[PDB]
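Letters A, B, ... mirror the listed sequences (proteins, then strands); counts begin at 1. Each ligand, and each atom within it, is numbered from 1 in the order the structure gives.
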2 protein chains.
Amino acid sequence: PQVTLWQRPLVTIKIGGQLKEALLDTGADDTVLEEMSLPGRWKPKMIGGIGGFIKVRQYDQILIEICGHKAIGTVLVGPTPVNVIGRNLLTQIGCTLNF
Amino acid sequence: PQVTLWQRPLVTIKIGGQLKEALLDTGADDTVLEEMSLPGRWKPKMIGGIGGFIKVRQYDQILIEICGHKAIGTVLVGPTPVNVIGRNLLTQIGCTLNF
Ligand SMILES: Nc1cccc(CN2C(=O)N(Cc3cccc(N)c3)[C@H](Cc3ccccc3)[C@H](O)[C@@H](O)[C@H]2Cc2ccccc2)c1
């Protein structure tokens with residue numbers, strides 16, 4: 001779809017059986033979700049943002065549906081305020097920025 | 001133009017007679033730039049990011065040229081580690097997201 005930026009570019013995602021909403025975020029290199037149960041192994045990671053750093057745990061090879069689109073990648077689950085889909089996944093759903 | 005998201009979407013801006021690069025950021029509601037000299041007065045505010053919150057200075061009615069397009073808006077200046085152009089200016093230059 002084409003999305004204009006008058007409102008937050010929010011989308012529905014399905015991850016691990018659960019349905020969420022998440023912000024499409026061109027400025028994020030990574031995807032990070034608030035705490036949710038994911039199965040599997042994970043490794044700790046830390047990421048920086050405005051504000052400072054958070055400790056996060058990294059899951060790889062996670063399937064996500066974003067709108068209908070499926071993709072698989074790394075998701076970081078952590079204490080973010082908002083669930084962010086970052087460039088790692090945006091490339092897979094073919095997302096483009098246009099002006 | 002069209003920007004894909006395989007690399008970070010940076011653009012040149014001209015702000016306060018100075019030339020900078022910044023990140024086109026659909027997830028950000030506000031424009032936040034690193035410390036620099038803008039003329040004029042400003043109010044303090046704080047903003048939340050990941051990792052927490054920072055205090056910034058709000059300037060209103062500032063001219064910025066983003067990739068050659070001019071815009072006027074609120075810019076926040078403060079301790080970000082990267083310059084971020086958020087939805088308040090992205091909207092003025094007609095930026096769309098699409099997939
Ligand atoms: N790797 C990574 C993954 C996910 C998020 C971030 C860190 N980010 C933020 O903290 N933001 C707060 C931010 C940035 C600018 C303005 C505002 N209002 C908020 C928002 C996302 C956001 C988080 C929490 C609440 C709302 C939005 C912005 O939209 C994101 O692109 C980046 C901006 C950024 C900051 C530092 C370094 C690189 C990129 C980093």
Side-chain angles (χ1 to χ4, degrees), chain A residues 3 5-11 13 15 20-36 43-60 62 64 66 73-92 95 97, chain B residues 3 5-11 13 15 20-36 43-60 62 64 66 73-92 95 97:
Chain A
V3 190
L5 294 162
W6 297 90
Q7 49 189 15
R8 302 204 104 167
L10 243 48
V11 85
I13 68 172
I15 353 82
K20 297 194 192 311
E21 281 184 282
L23 188 72
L24 304 184
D25 195 334
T26 56
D29 300 335
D30 309 296
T31 303
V32 40
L33 302 171
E34 177 52 66
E35 205 81 71
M36 58 163 310
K43 45 201 285 274
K45 193 198 186 189
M46 286 163 246
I47 62 170
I50 271 174
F53 278 68
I54 62 172
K55 296 183 182 179
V56 102
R57 51 153 80 139
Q58 173 175 164
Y59 291 82
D60 294 86
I62 288 289
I64 325 217
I66 296 163
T74 307
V75 318
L76 268 28
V77 181
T80 174
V82 51
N83 294 319
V84 157
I85 308 310
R87 288 189 301 114
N88 71 312
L89 257 17
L90 297 170
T91 52
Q92 281 196 61
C95 187
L97 198 275
Chain B
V3 196
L5 294 165
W6 291 97
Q7 295 285 269
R8 295 166 71 129
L10 258 59
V11 286
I13 61 167
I15 174 66
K20 296 207 175 302
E21 281 193 301
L23 194 69
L24 299 170
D25 189 359
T26 64
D29 310 307
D30 299 313
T31 298
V32 186
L33 306 174
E34 303 182 88
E35 310 278 21
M36 59 179 295
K43 306 164 199 165
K45 227 298 79 187
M46 283 163 57
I47 60 156
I50 237 170
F53 47 82
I54 63 169
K55 180 134 56 173
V56 290
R57 302 159 199 74
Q58 177 164 340
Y59 290 86
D60 288 32
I62 308 295
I64 172 167
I66 311 156
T74 308
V75 153
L76 303 174
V77 178
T80 173
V82 65
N83 290 311
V84 166
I85 295 165
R87 292 190 299 113
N88 72 312
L89 294 173
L90 252 33
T91 275
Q92 288 194 33
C95 188
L97 192 56

Does [X] come within less than 4.0 Å of [Y], counting only side-chain N to carboxylate O?
X        : Y        : value
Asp60(A) : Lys43(A) : no
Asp30(A) : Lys45(A) : yes
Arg57(A) : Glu35(A) : yes

Which of the listed options, [options], holds the heavy atom that is closest to [atom]?
atom                    : options                      : result
atom 19 (C) of ligand 1 : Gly48(B), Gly51(A), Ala28(A) : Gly48(B)
atom 33 (C) of ligand 1 : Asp25(B), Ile50(A), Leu76(A) : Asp25(B)
atom 1 (N) of ligand 1  : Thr26(A), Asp30(A), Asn88(A) : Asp30(A)

*Is there a donor-acceptor pair closer than 3.5 Å between any side-chain N or O of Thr91(B) and the backbone N or O of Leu5(A)?*
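Side chain of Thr91(B) to backbone of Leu5(A): a pair is present.
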_Please check: side-chain N/O of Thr26(A) versus main-chain N/O of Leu24(B), any donor-acceptor pairing under 3.5 Å?_
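Yes, the answer is positive, given that a donor and an acceptor are paired below the 3.5 Å cut-off.
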*For ligand 1, does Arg8(A) get within less than 4.0 Å through its side chain, its backbone, both, or neither, judged by non-hydrogen atoms?*
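Looking at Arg8(A) and ligand 1, just side chain atoms fall under 4.0 Å.
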*Under 4.0 Å from ligand 1, counting heavy atoms only, is it the side chain of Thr80(A), its backbone, both or neither?*
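No part of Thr80(A) is near ligand 1 at this cut-off.
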_As an exercise, identify every atom of ligand 1 less than 4.0 angstrom from a heavy atom of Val32(A)._
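Those atoms are 4 (C).
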_atom 11 (N) of ligand 1 within contact range, any protein heavy atom under 4.0 Å_ =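 It does not; no protein heavy atom is within 4.0 Å.
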Among all protein heavy atoms, pick the one closest to [atom] and tell me residue, atom and distance.
atom                    : answer
atom 34 (C) of ligand 1 : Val82(B) CG1, 4.1 Å
atom 7 (C) of ligand 1  : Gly49(A) CA, 3.5 Å
atom 39 (C) of ligand 1 : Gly27(A) O, 3.6 Å

*asked:* Between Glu34(A) and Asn83(A), is there a side-chain donor-acceptor contact under 3.5 Å, judged purely by atom types and distance?
replied: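 No, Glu34(A) and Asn83(A) have no side-chain donor paired with an acceptor closer than 3.5 Å.
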*asked:* Between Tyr59(A) and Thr74(A), is there a side-chain heavy-atom distance shorter than 4.5 Å?
replied: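 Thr74(A) does not reach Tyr59(A) side chain to side chain.
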